[PDB]
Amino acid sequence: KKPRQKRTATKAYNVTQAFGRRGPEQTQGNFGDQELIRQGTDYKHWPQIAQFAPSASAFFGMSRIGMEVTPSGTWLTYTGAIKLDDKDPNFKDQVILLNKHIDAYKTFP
């Protein structure tokens, strides 16, 4: 189907199916509690997470972009940081929501 970076997780094709298991390794995603993992973009608070994701123009404009070649193939690398607005009246709710998903897999039964 679609290249991995263009996939959209849903209830029918979830975060694990599209992007693999959450874990600690540099190759793994770490974001998502059990609800977000099974629902993807169907998750009730998805829009509040998607407001932090970069447009294509911002992805290539804000990030440090590189190319790394490994035994698995050729990779476009990306790093960066998005500053939350502490004058956003939703700031405190945004922190709480991001805190619920970052490394949430560590607590899974």
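Counting begins at 1, following the sequence as shown. Take the two forms, find the largest set of C-alpha atoms that superpose within 1.5 Å, and that set is the rigid core.
- RMS Cα deviation from the shown model in 9 other deposited structures of this protein, rigid core fit, is larger for 63-71 than for the other stretch of the pair 76-84 / 63-71.
- Taking the PDB entry as given, 78-86 carries the higher mean Cα B factor of the two stretches 53-61 and 78-86.
- When the mean C-alpha temperature factors of 21-29 and 89-97 are read from the deposited coordinates, 21-29 comes out higher.
- Across the options 66, 40, 71, 47, the residue with the most elevated CA B-factor in the record is 71.
- Ranked within its chain, residue 6 lands in the lowest third, by CA B factor from the PDB record.
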